[PDB]
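Heads up, the chain below is alone and in the form deposited in one PDB entry; it's given as structure tokens.
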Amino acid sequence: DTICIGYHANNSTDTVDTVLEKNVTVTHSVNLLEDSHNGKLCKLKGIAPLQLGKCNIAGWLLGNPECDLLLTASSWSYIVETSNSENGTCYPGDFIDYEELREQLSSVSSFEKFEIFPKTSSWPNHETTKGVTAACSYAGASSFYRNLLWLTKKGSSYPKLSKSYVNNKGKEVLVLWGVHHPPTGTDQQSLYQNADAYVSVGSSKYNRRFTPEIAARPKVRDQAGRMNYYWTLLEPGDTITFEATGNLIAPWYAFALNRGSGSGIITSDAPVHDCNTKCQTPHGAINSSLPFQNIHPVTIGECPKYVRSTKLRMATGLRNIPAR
């Protein structure tokens, strides 16, 4: 009669590493590293993302012609640009503080678009129609942005305009506008008459004045002229006031912003589907409860910690010695 003391063992082939020895087979273990994904851009908490497709933030907000699809959008869980998001500023120029605008948009979950300055109403004495170019063509004909209005002299009569708006929305209002810089002094005449005009925007915290800088510059999309775009967030109660005498690409539509958190802009060419997730990445959605992941550093939602590791297996059982 005898009795022996021993320990479990099996056919397991999982291996872990230790400081003293590599590739040790153990009886049981757990993986802490998630490396698999959805392959698709999904919904976060029911709401779906906002594709810009061929458009970029600039195009979308400004109202570039090709981005009419986006016109109807009002809420999203995260904004998505792609490898071919080049439809934005159709008429050459500069978008002052563009990056800071994007950063602002990263904490906006939804807004309400509204005609701040009605085309046919807020502009008598000044001529509304006939403010288009080939640079921003449509269907084949010439056109312009759907949110900005190009005011030109009404029969060699460009009086000094002064329009204002009061923020009565209880939210923040995003106001965008532009300033034109014709190539030759001749054109200044034919567009706003007055040889030396000016534009002046102002509110409680904002104050800035612009003056045309006519000159000779290379052609971009068949244009030696330029156009700088601007923006600012009008606070609740405050009043913004434009006052120009030519060159003022005026605000036609504005947005009342809803600040939400945990949203953001991403660049991905992955297909959008009717799928819901708790963690999204540019490569696809993730669904794990593991502590780490090596899929992508860019994240939206609640994800595992990004890490460069290839393998992270933690032993639980003991050294597996079959000795069969």
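Take the two forms, find the largest set of C-alpha atoms that superpose within 1.5 Å, and that set is the rigid core. Note that residue numbering follows the sequence shown and begins at 1.
FYI, the form deposited in another entry isn't displayed, but the following is about it.
Among 162, 204, 75, 142, whose C-alpha is off by 2 Å or more between this form and the one not shown on a rigid-core fit?
So the only displaced C-alpha belongs to 75.
Would residue 109 count as moving between this form and the one not shown, using a Cα shift of 2 angstroms or more after superposing the core as the test?
Yes, the C-alpha position differs by at least 2 Å between this form and the one not shown.
Taking the rigid core as the reference frame, is the Cα of residue 44 displaced by 2 Å or more between this form and the one not shown?
Moves: yes, 2 Å or greater.
Determine, after fitting the two forms on their core, whether residue 275 shows a C-alpha shift of 2 Å or more between this form and the one not shown.
The answer is yes; the displacement is at least 2 Å.
Once you account for a change of 3 Å or more, let me know if residue 104 and residue 262 sit closer or farther in the other entry, using their C-alpha atoms.
Relative to this form, closer in the other entry.
Have a look at residue 81 and residue 72: in the other entry, are their Cα atoms closer together or farther apart than in this form, given the change is 3 Å or more?
Here the pair is farther apart than in the other entry; there, closer.
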